[PDB]
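Have a look at the structure below before the remarks.
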Amino acid sequence: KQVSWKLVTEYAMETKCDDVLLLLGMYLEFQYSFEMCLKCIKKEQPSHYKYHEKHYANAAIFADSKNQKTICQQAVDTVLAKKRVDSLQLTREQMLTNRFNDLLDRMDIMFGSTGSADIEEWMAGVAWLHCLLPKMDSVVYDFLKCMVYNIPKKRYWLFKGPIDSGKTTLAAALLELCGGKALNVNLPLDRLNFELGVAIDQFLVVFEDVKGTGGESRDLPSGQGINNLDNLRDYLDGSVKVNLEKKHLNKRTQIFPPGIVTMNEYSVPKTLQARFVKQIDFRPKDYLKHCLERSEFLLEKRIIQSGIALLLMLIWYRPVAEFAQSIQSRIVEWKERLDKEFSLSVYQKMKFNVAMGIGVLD
Amino acid sequence: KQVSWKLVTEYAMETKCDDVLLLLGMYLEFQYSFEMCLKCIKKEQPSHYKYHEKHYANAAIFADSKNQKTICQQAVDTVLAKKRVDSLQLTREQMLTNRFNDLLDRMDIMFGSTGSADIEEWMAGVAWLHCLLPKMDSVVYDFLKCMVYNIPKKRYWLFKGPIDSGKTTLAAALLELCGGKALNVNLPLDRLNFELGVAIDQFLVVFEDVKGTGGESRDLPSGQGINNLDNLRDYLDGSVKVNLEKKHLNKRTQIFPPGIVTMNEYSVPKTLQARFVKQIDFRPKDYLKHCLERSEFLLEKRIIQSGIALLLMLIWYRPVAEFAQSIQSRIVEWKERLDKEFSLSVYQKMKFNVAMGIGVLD
Amino acid sequence: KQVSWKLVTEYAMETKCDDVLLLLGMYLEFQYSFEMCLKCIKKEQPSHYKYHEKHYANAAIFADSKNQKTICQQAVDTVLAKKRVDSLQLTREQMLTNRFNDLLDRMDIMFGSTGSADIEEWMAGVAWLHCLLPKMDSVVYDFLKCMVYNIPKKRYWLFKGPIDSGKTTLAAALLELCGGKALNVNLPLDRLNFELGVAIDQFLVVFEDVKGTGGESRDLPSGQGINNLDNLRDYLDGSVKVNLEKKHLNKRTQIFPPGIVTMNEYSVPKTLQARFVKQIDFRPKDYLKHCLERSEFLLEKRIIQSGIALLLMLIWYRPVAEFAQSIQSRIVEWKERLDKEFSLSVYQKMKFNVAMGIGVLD
Amino acid sequence: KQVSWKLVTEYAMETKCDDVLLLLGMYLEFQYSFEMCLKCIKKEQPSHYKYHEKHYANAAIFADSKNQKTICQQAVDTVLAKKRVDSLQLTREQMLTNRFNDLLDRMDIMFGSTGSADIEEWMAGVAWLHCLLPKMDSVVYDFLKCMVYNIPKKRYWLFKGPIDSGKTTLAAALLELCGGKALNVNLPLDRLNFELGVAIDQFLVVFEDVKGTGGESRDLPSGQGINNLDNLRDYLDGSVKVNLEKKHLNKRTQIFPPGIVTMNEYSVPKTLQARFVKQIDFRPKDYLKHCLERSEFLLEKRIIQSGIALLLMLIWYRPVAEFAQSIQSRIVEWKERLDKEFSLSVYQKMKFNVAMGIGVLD
Amino acid sequence: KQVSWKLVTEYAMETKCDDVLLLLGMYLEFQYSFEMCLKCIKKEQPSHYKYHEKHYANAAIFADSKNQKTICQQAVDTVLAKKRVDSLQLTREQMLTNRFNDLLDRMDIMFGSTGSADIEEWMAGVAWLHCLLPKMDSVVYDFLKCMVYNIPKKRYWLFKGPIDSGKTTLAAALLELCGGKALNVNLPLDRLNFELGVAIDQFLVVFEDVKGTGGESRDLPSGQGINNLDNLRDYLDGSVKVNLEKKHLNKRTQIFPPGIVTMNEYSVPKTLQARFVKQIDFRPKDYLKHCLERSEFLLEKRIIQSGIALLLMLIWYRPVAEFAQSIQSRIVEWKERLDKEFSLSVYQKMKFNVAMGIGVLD
Ligand SMILES: [Zn+2]
Ligand SMILES: [Zn+2]
Ligand SMILES: [Zn+2]
Ligand SMILES: [Zn+2]
Ligand SMILES: [Zn+2]
């Protein structure tokens with residue numbers, strides 16, 4: 001009779017779906033009676049089995065509409081219209097809490113009744129990560145406060161180290177823990193601005209492997225990335241706003257996002273150095289490598305690079321009140337979960353096993 | 001049933017909202033009953049709580065409308081249309097007063113009971129800023145008269161100074177007080193029109209850190225800024241109109257905007273120098289530097305580079321009749337609030353502190 | 001009167017038809033009575049005769065409809081939408097089984113009573129192919145497990161060999177058995193992203209004939225392939241996601257696909273070599289060469305490079321349980337047909353022939 | 001009342017019209033009573049006088065429609081939708097037969113009651129062509145079987161010869177006899193792919209005048225075309241499919257089409273040579289030139305370059321059963337036509353006249 | 001109420017109006033009553049006064065129509081559609097007669113009672129032009145026959161001469177008499193296709209001032225024209241079709257148009273020279289030069305370079321039967337008017353004047 005465009009927009013806003021084709025393809029699965037849906041019975045996809053029921057009726061009418069895409073276009077624009085509002089209205093801590101909430105939804109399913117994730121292998125990831133840097137759980141908390149506070153000339157951390165030292169991994173988990181885009185400044189001074197535009201609306205940015213000049217004697221390729229950063233002081237310390245680009249034309253004007261610079265031991269100009277409020281030197285450690293050699297699951301399952309392993313470390317080490325009021329109920333809920341499955345002496349042993357480089361789970 | 005396109009346009013026009021996705025996002029939040037509206041109950045957004053009730057009805061119908069996007073378009077074209085009308089019809093002073101009303105709009109909120117802004121700190125900034133130059137409030141006033149009057153060969157100021165000397169800060173605060181855009185002219189003589197086109201319809205312009213080839217011994221980079229500036233004499237003194245490029249074509253033909261040129265102490269050709277009606281030299285001052293070290297909040301909350309700090313200086317030093325008739329009543333309103341809050345002896349101790357380099361609030 | 005958009009979409013969805021002009025072309029052939037339909041009477045096209053009757057009615061109305069094109073669009077967006085859904089929700093094994101069902105779909109037709117394919121010849125290809133490498137069926141199986149498992153640093157195979165050595169053939173057959181795209185990386189270090197973007201949503205990738213600067217004496221060209229590969233270590237071992245360029249912008253962010261690298265015997269940097277979990281060397285064999293000279297049909301009917309030849313090898317050598325539960329019944333169906341058609345002693349004489357270099361069917 | 005979009009699509013599909021403007025302009029000529037049409041009475045254009053009658057009525061209503069182009073747009077898309085189907089469904093021999101049928105329609109009018117063509121001048125063209133190469137009629141048949149069979153590593157012929165030797169002419173008639181696009185590989189390695197995309201959906205391709213390096217001593221310009229061909233082995237012998245481009249993005253992936261390479265006597269690398277299954281050396285012959293000097297009509301009327309002269313040679317020399325069943329009825333029909341107007345001794349004399357270089361028709 | 005789209009299309013078709021904005025502009029002038037129409041009363045525009053009355057009614061309704069633009073579109077597509085039809089169906093002579101009718105259309109107006117053209121002056125031009133070359137009217141006639149016949153290797157004329165020698169003038173007059181475009185080939189060998197594409201659907205072409213590298217001593221520039229021409233032998237002699245580029249792609253495939261080549265006395269390669277069926281040499285003549293000095297009106301009113309001057313020469317010298325049957329009656333009409341206006345003895349004195357270099361009207 002008359003397809004309800006509203007319900008479709010609701011489903012989209014509930015699934016957080018900003019892809020028109022992906023929305024179309026999912027709403028259409030609902031057109032079949034749920035009174036038999038195996039996707040639901042078998043709980044295949046949460047984005048499906050939690051809405052099929054409610055939307056059967058409307059999806060059945062939807063499958064007969066003459067402009068299903070136009071409808072999905074408005075549902076999507078709605079998700080984007082909201083993503084644009086929060087962009088200007090939400091505070092940074094709220095930005096961070098939403099990210100956090102989205103990661104918990106991911107964790108709720110991973111370690112749930114209908115999920116594959118093995119939490120024991122993920123706490124092993126926490127043990128390995130907490131052995132990568134001293135007072136690692138305090139570091140992540142600090143980093144998070146640095147990013148949310150986002151204060152001029154104190155918004156960037158510099159990860160320096162050889163390859164396979166750990167900065168890339170920690171810098172990756174940190175990225176996913178907060179949401180944000182990595183960028184590449186090892187480009188020609190004219191190709192730069194396009195890349196810099198990527199950081200639009202982002203919470204944080206990670207300048208992956210910035211290459212410098214000097215050090216070719218130590219087998220390190222000369223690049224202009226370091227040189228470009230020293231020319232992007234305005235961006236890094238962000239005291240005033242900046243104009244960002246995309247679509248071959250100027251878009252947003254804002255405070256460049258705070259972040260991390262991953263580097264490979266190139267000499268740094270004193271003017272560049274001064275832009276980093278914190279520096280972390282990573283050196284490859286033998287036991288850590290050996291631990292992995294005897295714990296393939298941490299790599300093959302991409303656990304130690306996952307921002308989830310870091311959120312997990314927080315929930316496990318950090319005091320509840322350190323989180324936002326709004327999300328604390330969900331945090332205590334996970335602490336109890338965790339505390340109920342792992343004792344301290346068990347988690348501690350995992351850390352001991354890493355130190356001995358033998359296999360977290362031995 | 002029958003959504004009102006004019007009611008949405010009203011909302012857009014009173015929010016000065018030129019963003020479609022944003023307008024859409026804002027409006028859809030009014031579909032919910034405002035009775036138990038927390039956003040209103042907590043008064044978290046002026047652009048929301050001030051209009052939710054009046055638009056509840058309309059928004060609720062808008063929610064079930066099939067072309068929400070199209071409705072928002074017309075509302076935005078109406079706002080762009082109004083801005084196109086002011087570009088061609090308001091006097092520069094009417095342009096400056098609207099800008100002032102807008103900043104004031106923020107001040108009511110920042111310093112309101114919902115805002116988080118500390119007015120003592122923003123007055124600490126007036127004091128610090130008032131120690132950056134001799135007779136600073138008169139310096140600001142003149143600039144303003146200069147910009148509004150926009151008179152041939154007497155519309156450009158040259159801020160010359162080392163680094164961390166204040167020119168960047170004052171040029172930034174001035175940029176925000178009047179509206180306008182910063183421009184980079186240290187570019188390829190052909191990738192110039194690109195940037196010069198950003199000046200379209202802008203009130204004033206600021207060429208930041210113009211660099212010259214001449215000079216190098218004193219540690220100053222190359223850049224072609226000075227060079228380029230000398231080839232834009234017609235844009236600078238504005239005796240006749242000019243053709244500005246944007247959208248990768250020739251849009252607006254207008255008198256190029258007045259403004260400032262920030263520079264780092266190079267050799268300025270006589271022909272270029274003759275283009276500036278006034279030139280200010282900034283030399284690093286220890287007390288101002290030490291003072292910041294002890295007055296972190298000035299930089300951390302981006303106060304000294306705010307056009308709001310400067311608007312507070314005019315309201316605090318200058319007489320009412322100096323403002324546009326249309327706004328005075330609002331200024332007087334502020335003077336009183338301010339005079340009720342700070343004694344001249346208090347404000348004076350503040351400048352004394354900056355003078356002794358010890359943080360304004362001691 | 002009132003054409004059914006859903007009936008056309010059904011037709012499009014069951015033909016996996018993503019082409020609009022093509023869908024339109026197909027559907028308009030159903031407007032004619034199927035009673036005296038020669039295309040059906042002669043069963044010349046599965047995508048036609050299998051659906052003509054069910055769609056006669058609809059097609060006849062479609063013929064007098066004013067927006068046939070628009071109808072076809074939605075039907076295509078529905079198919080693209082389904083493909084967008086599988087990209088994000090199927091496991092790699094479910095991806096491999098669909099691919100297998102499709103190839104099987106062809107096999108039913110090629111070897112059917114309407115097809116022109118000689119099954120003895122395609123079994124001559126299994127034999128020839130089974131003489132190209134030791135334990136070839138186990139080699140194929142592993143690759144498959146490798147690709148499906150897509151595990152960090154253990155997802156790339158290196159096919160190294162001269163020319164006319166078999167690597168090109170096997171890499172082509174393997175490419176068709178799993179789906180995927182061939183890629184050329186011997187390009188300008190900037191005209192690279194272009195090609196790397198072709199890997200988007202693909203199941204596996206094949207970098208064909210990667211060339212290196214090192215080496216030249218032995219008559220091998222220059223090319224920058226090896227060079228480039230070494231700069232794509234992150235795309236190869238797939239520990240973390242990557243941003244792929246297509247449409248002249250940044251589309252999909254995904255784990256780069258697993259695959260093969262075909263190479264012509266250059267010097268492979270240790271850092272690059274460490275990127276391949278397995279390496280196969282192909283050396284020209286006389287009997288295989290002579291055998292082709294006498295087994296023209298193998299090359300002339302493009303059989304040895306077919307993924308169909310290889311699917312026939314798995315069905316012929318491998319046990320049922322090795323296949324996905326969902327498909328086995330169809331394989332068993334084929335095994336029987338095959339076992340009823342060829343005796344092991346016959347197939348063995350075939351390999352003996354390839355061994356003596358005299359054409360498989362003597 | 002209501003314009004019949006269907007009839008318009010039928011006319012378009014009957015005229016094989018894929019040009020919207022050309023369709024619009026022709027359907028509109030039908031709006032006038034045919035009961036007086038001089039275009040019909042005078043039989044000016046077959047595309048007009050064979051449909052005016054049937055379409056008057058509908059064209060009269062058409063001339064009053066408010067969106068004649070939208071209608072013509074669907075008629076066209078229909079012709080393209082069909083051209084796309086046959087692209088995937090028709091066999092190569094059917095592809096060739098359709099071409100053949102289209103050439104007969106052209107010949108039916110040329111030598112008909114309302115046509116200008118003089119068949120005697122066209123049989124003179126056949127006599128001249130059959131004197132250009134030994135057993136010429138067997139050559140064309142062979143070439144046609146080579147093209148239809150389209151077998152890997154046996155799909156290309158190489159025409160080598162000085163200028164005005166005859167390869168260009170024969171290669172042109174062959175092109176038109178089969179339908180297909182010529183391409184130019186004498187382009188920069190980066191401009192290549194654009195050109196190569198032209199061969200999409202084509203029956204055959206003709207690489208016109210490929211220039212090499214070496215031979216500048218014999219007054220031959222150095223080019224990179226030969227060099228590019230040796231880099232297009234995959235394309236030439238076509239054992240596996242290839243990706244083709246257009247519209248600045250990737251389109252079809254298919255077996256590159258078979259064809260001819262016209263060359264000017266440059267040395268050929270043994271690796272390139274091996275790609276041509278046949279080579280034909282053309283040497284300018286005196287009597288042939290003299291014959292033309294005394295037979296201007298063969299050139300001024302473009303007869304010896306016309307694919308029609310070749311189809312005519314076939315019908316005249318070849319046995320009916322050598323053609324496809326479907327088209328034989330039409331072939332015997334032309335043989336009788338021909339046999340009724342030209343005796344063997346007459347045609348033979350024409351061949352004798354060419355040999356003597358004096359004028360086919362003397 | 002209900003505007004007629006066909007009536008507007010009629011207006012567009014009879015004005016040969018291919019401009020949308022222009023058509024719209026013209027039509028809206030008919031909405032006003034034609035009773036007191038001054039434009040009609042004063043007969044200032046044929047494209048106006050000749051149709052105002054018949055369209056008053058329609059135009060008045062058109063004025064209140066909501067989609068005037070869309071109506072005009074169809075009317076223009078109808079005119080473009082007609083032109084697309086003539087491109088493919090008229091004989092070159094029918095093309096030349098339409099062109100002649102059009103120029104004649106102007107002549108009726110220029111020399112009418114509303115026009116400002118002095119016919120004595122335009123006959124002064126025939127005389128001057130008739131002294132520029134021996135047997136000029138026969139020279140014009142031949143060119144015309146040449147162009148219409150468009151016969152292989154006999155379609156290009158070479159106008160070779162110094163400067164101010166007449167070649168430019170005659171080539172311009174000839175260009176206007178037949179229709180066509182001027183082309184610049186002294187360009188980059190890659191920015192050539194651009195210009196060559198302008199020849200699309202044109203009747204004849206004129207390569208103006210082709211320059212050669214050879215030669216320089218005699219004060220002649222460089223340019224690559226001659227060079228390029230020699231690489232376009234296939235475009236020049238038109239034995240086979242060619243692919244022309246426009247819209248930045250490959251549009252029309254056609255026989256390249258016939259025409260003239262204007263040149264300034266360089267060295268023309270034999271291979272290039274063989275491309276011209278006729279070559280005319282222009283050498284500066286004093287009397288012709290002096291004559292202009294005293295016959296300013298010839299240059300000032302752009303008469304000697306007009307195709308109208310030349311059409312007047314054919315009507316004045318040539319016999320009726322030489323024209324197309326379809327137009328003769330109109331020519332005879334003109335001959336009489338002309339013979340009634342000028343005696344042969346008068347016209348002869350005119351040539352005598354040009355001969356003595358003293359202005360034709362003395
Ligand atoms: Zn379901
Ligand atoms: Zn509210
Ligand atoms: Zn059928
Ligand atoms: Zn007719
Ligand atoms: Zn009028």
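Here, A, B, ... name the chains of the structure tokens in the order displayed, residue numbers run from 1 inside each chain, and ligands are numbered from 1 in the same displayed order.
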
For this session: Would you mind listing what lies within 7 Å of segment 74-88 of chain B as a list in words, with only C-alpha atoms counted and same-chain residues fewer than 6 positions away left out?
Result: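 My reading of the contact set: residues 8, 9, 12, 13, 16, 17, 18, 19, 20 and 201 of chain B.
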
For this session: When you get a sec, could you note down which chain C residues fall within 10 Å of chain D, using only C-alpha atoms, as a PyMOL selection string?
Result: chain C and resi 19-29+44-45+63-69+169+172-173+181-182+187+194+198+246-248+299-303+305-306

Could you write out the selected residues, including N, CA and C atoms, as a short mmCIF file (atom, residue, chain, number, x, y, z; two decimals), in the first residue's frame?
data_model
loop_
_atom_site.label_atom_id
_atom_site.label_comp_id
_atom_site.auth_asym_id
_atom_site.auth_seq_id
_atom_site.Cartn_x
_atom_site.Cartn_y
_atom_site.Cartn_z
N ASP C 19 24.33 -6.11 -15.17
CA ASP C 19 24.33 -5.27 -16.35
C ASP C 19 22.91 -4.79 -16.64
N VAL C 20 22.72 -3.48 -16.75
CA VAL C 20 21.41 -2.90 -17.03
C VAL C 20 20.99 -3.10 -18.48
N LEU C 21 21.80 -2.64 -19.41
CA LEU C 21 21.50 -2.82 -20.83
C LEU C 21 21.29 -4.30 -21.14
N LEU C 22 22.10 -5.16 -20.54
CA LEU C 22 21.98 -6.60 -20.73
C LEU C 22 20.66 -7.13 -20.14
N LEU C 23 20.36 -6.77 -18.90
CA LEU C 23 19.12 -7.22 -18.28
C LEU C 23 17.95 -6.84 -19.17
N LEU C 24 17.93 -5.59 -19.60
CA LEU C 24 16.89 -5.08 -20.48
C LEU C 24 16.79 -5.94 -21.75
N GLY C 25 17.94 -6.22 -22.35
CA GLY C 25 17.98 -7.02 -23.56
C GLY C 25 17.39 -8.39 -23.32
N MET C 26 17.79 -9.02 -22.22
CA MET C 26 17.28 -10.35 -21.90
C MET C 26 15.76 -10.35 -21.73
N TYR C 27 15.27 -9.47 -20.87
CA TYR C 27 13.85 -9.42 -20.58
C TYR C 27 12.91 -9.17 -21.76
N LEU C 28 13.30 -8.30 -22.68
CA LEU C 28 12.46 -8.01 -23.83
C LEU C 28 12.27 -9.22 -24.76
N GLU C 29 13.04 -10.27 -24.55
CA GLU C 29 12.93 -11.45 -25.40
C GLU C 29 11.82 -12.33 -24.90
N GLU C 44 18.98 -22.98 -26.36
CA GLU C 44 20.23 -22.33 -26.70
C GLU C 44 20.83 -21.47 -25.59
N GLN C 45 20.01 -21.04 -24.63
CA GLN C 45 20.47 -20.20 -23.51
C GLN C 45 19.74 -20.42 -22.19
N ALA C 63 6.90 -4.58 -22.24
CA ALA C 63 7.10 -4.12 -23.61
C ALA C 63 6.36 -2.83 -23.95
N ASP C 64 5.25 -2.59 -23.26
CA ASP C 64 4.44 -1.40 -23.49
C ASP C 64 4.60 -0.38 -22.37
N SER C 65 5.56 -0.62 -21.48
CA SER C 65 5.83 0.28 -20.36
C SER C 65 6.71 1.43 -20.82
N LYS C 66 6.48 2.61 -20.26
CA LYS C 66 7.24 3.79 -20.62
C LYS C 66 8.60 4.00 -19.94
N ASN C 67 8.91 3.22 -18.90
CA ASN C 67 10.20 3.38 -18.23
C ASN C 67 10.87 2.04 -17.95
N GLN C 68 11.07 1.27 -19.02
CA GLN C 68 11.71 -0.03 -18.96
C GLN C 68 13.11 0.12 -18.32
N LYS C 69 13.87 1.11 -18.77
CA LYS C 69 15.21 1.38 -18.24
C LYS C 69 15.20 1.55 -16.70
N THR C 169 50.27 -20.68 -16.55
CA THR C 169 49.09 -21.52 -16.71
C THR C 169 48.41 -21.84 -15.40
N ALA C 172 46.87 -19.01 -13.74
CA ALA C 172 45.66 -18.61 -14.43
C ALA C 172 44.51 -19.54 -14.03
N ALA C 173 44.80 -20.83 -13.98
CA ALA C 173 43.77 -21.80 -13.61
C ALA C 173 43.34 -21.57 -12.18
N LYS C 181 41.44 -11.11 -9.45
CA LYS C 181 41.99 -10.32 -10.55
C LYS C 181 43.51 -10.40 -10.70
N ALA C 182 43.98 -10.26 -11.93
CA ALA C 182 45.41 -10.26 -12.19
C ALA C 182 45.80 -8.79 -12.03
N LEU C 187 54.94 -0.82 -12.93
CA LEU C 187 54.43 0.47 -13.37
C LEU C 187 55.14 1.63 -12.66
N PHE C 194 46.46 3.04 -8.72
CA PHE C 194 45.46 2.80 -9.76
C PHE C 194 45.16 1.31 -9.82
N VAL C 198 42.29 -2.31 -7.99
CA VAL C 198 41.50 -3.31 -8.67
C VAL C 198 41.21 -4.48 -7.74
N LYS C 246 40.11 3.68 -6.23
CA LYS C 246 39.35 3.35 -7.44
C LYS C 246 38.43 4.55 -7.73
N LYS C 247 37.94 4.68 -8.96
CA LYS C 247 37.07 5.81 -9.31
C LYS C 247 37.84 7.12 -9.18
N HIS C 248 39.16 6.99 -9.07
CA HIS C 248 40.08 8.12 -8.92
C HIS C 248 39.92 8.79 -7.55
N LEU C 299 45.47 -26.62 -25.62
CA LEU C 299 45.71 -25.18 -25.72
C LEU C 299 44.63 -24.50 -26.56
N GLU C 300 44.25 -25.14 -27.67
CA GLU C 300 43.27 -24.59 -28.58
C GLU C 300 41.91 -24.36 -27.96
N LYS C 301 41.54 -25.19 -27.00
CA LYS C 301 40.25 -24.98 -26.34
C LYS C 301 40.43 -24.42 -24.94
N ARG C 302 41.59 -23.80 -24.70
CA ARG C 302 41.92 -23.15 -23.44
C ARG C 302 41.48 -23.97 -22.26
N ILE C 303 42.00 -25.19 -22.19
CA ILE C 303 41.64 -26.11 -21.12
C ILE C 303 42.60 -26.18 -19.93
N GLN C 305 44.43 -23.96 -18.64
CA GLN C 305 44.43 -22.76 -17.81
C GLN C 305 43.05 -22.50 -17.22
N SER C 306 42.17 -23.49 -17.31
CA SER C 306 40.85 -23.30 -16.76
C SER C 306 40.72 -23.72 -15.31
#

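Contact shell of segment 114-117 of chain B at 12 Å (only C-alpha atoms; same-chain neighbours under 6 positions omitted): residues 40, 41, 42, 43, 44, 45, 46, 105, 106, 107, 108, 123, 297, 301, 302, 303, 308 and 309 of chain B.
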
Exercise. Leaving out residue 267 of chain B and any residue of its chain fewer than 2 positions from it, which residues lie within 12 Å of it when counting only C-alpha atoms, given as a PyMOL selection string?
Worked result: chain B and resi 160+210-216+218+220+222+225-227+263-265+269-273

For this session: Check which residues fall inside 6 Å of ligand 3 when counting only C-alpha atoms and all ligand atoms, and print them as a PyMOL selection string.
Result: chain C and resi 30+34+37+39-40+49+52

When DSSP is applied to the backbone of this structure, which of segment 37-264 of chain B are assigned strand (DSSP E or B)? Write them out as a PDB file with C-alpha atoms, in the first residue's frame.
ATOM      1  CA  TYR B 156      46.938  47.365   4.149  1.00  0.00           C
ATOM      2  CA  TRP B 157      48.878  46.934   7.346  1.00  0.00           C
ATOM      3  CA  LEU B 158      52.195  45.190   7.599  1.00  0.00           C
ATOM      4  CA  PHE B 159      52.849  43.107  10.675  1.00  0.00           C
ATOM      5  CA  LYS B 160      56.604  42.648  10.635  1.00  0.00           C
ATOM      6  CA  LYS B 181      40.356  34.474   5.462  1.00  0.00           C
ATOM      7  CA  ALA B 182      44.067  33.779   5.848  1.00  0.00           C
ATOM      8  CA  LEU B 183      45.934  33.350   2.516  1.00  0.00           C
ATOM      9  CA  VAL B 205      42.315  39.268   4.212  1.00  0.00           C
ATOM     10  CA  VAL B 206      45.415  38.114   5.993  1.00  0.00           C
ATOM     11  CA  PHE B 207      48.470  36.964   4.032  1.00  0.00           C
ATOM     12  CA  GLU B 208      50.204  34.851   6.689  1.00  0.00           C
ATOM     13  CA  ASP B 209      53.982  34.602   6.871  1.00  0.00           C
ATOM     14  CA  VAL B 210      54.894  36.051   3.482  1.00  0.00           C
ATOM     15  CA  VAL B 242      39.799  42.530 -10.000  1.00  0.00           C
ATOM     16  CA  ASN B 243      38.788  39.058 -11.284  1.00  0.00           C
ATOM     17  CA  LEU B 244      38.981  36.297  -8.647  1.00  0.00           C
ATOM     18  CA  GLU B 245      39.197  32.572  -9.511  1.00  0.00           C
ATOM     19  CA  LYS B 246      37.292  29.833  -7.682  1.00  0.00           C
ATOM     20  CA  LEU B 249      37.037  29.316 -13.234  1.00  0.00           C
ATOM     21  CA  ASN B 250      36.468  33.094 -13.130  1.00  0.00           C
ATOM     22  CA  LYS B 251      33.749  33.910 -10.597  1.00  0.00           C
ATOM     23  CA  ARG B 252      33.487  37.258  -8.798  1.00  0.00           C
ATOM     24  CA  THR B 253      34.900  40.532 -10.152  1.00  0.00           C
ATOM     25  CA  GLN B 254      35.353  42.781  -7.114  1.00  0.00           C
ATOM     26  CA  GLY B 259      43.760  43.452   5.392  1.00  0.00           C
ATOM     27  CA  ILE B 260      47.043  42.511   6.978  1.00  0.00           C
ATOM     28  CA  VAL B 261      50.278  40.993   5.776  1.00  0.00           C
ATOM     29  CA  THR B 262      52.253  38.971   8.312  1.00  0.00           C
ATOM     30  CA  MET B 263      55.975  38.810   7.589  1.00  0.00           C
TER      31      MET B 263
END

Exercise. In Å, with one decimal, what is the gap from atom CA of residue 229 of chain B to atom CA of residue 304 of chain B?
Worked result: 28.2 Å

For this session: Please provide the set of residues having any atom within 9 Å of segment 336-344 of chain A, restricted to only C-alpha atoms, with same-chain residues fewer than 3 positions apart removed, written as number ranges by chain.
Result: A: 120, 123, 315-316, 331-333, 347-349

Just C-alpha atoms for this one: save the residues we selected as a PDB file, in the first residue's frame.
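Full text of again_5.pdb as output:
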ATOM      1  CA  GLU A 120      41.178 -16.186  26.922  1.00  0.00           C
ATOM      2  CA  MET A 123      43.424 -11.509  27.771  1.00  0.00           C
ATOM      3  CA  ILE A 315      38.225  -2.333  31.752  1.00  0.00           C
ATOM      4  CA  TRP A 316      40.649  -4.773  33.390  1.00  0.00           C
ATOM      5  CA  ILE A 331      31.919  -1.131  32.245  1.00  0.00           C
ATOM      6  CA  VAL A 332      31.195  -2.623  35.689  1.00  0.00           C
ATOM      7  CA  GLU A 333      29.197  -5.223  33.739  1.00  0.00           C
ATOM      8  CA  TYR A 347      46.454 -13.183  34.383  1.00  0.00           C
ATOM      9  CA  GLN A 348      49.753 -12.643  36.218  1.00  0.00           C
ATOM     10  CA  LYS A 349      51.070 -15.981  34.978  1.00  0.00           C
TER      11      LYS A 349
END

For this session: Find the distance between atom CA of residue 286 of chain A and atom CA of residue 135 of chain A and write it in Å to one decimal.
Result: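 Computing the Euclidean distance for atom CA of residue 286 of chain A and atom CA of residue 135 of chain A yields 19.2 Å.
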
For this session: Can you work out the spacing between atom CA of residue 274 of chain B and atom CA of residue 185 of chain B in Å, to one decimal?
Result: 18.6 Å

Problem set entry | residue 180 of chain D environment, 7 Å, only C-alpha atoms, sequence neighbours closer than 6 positions dropped, as a PyMOL selection string | chain D and resi 202-205
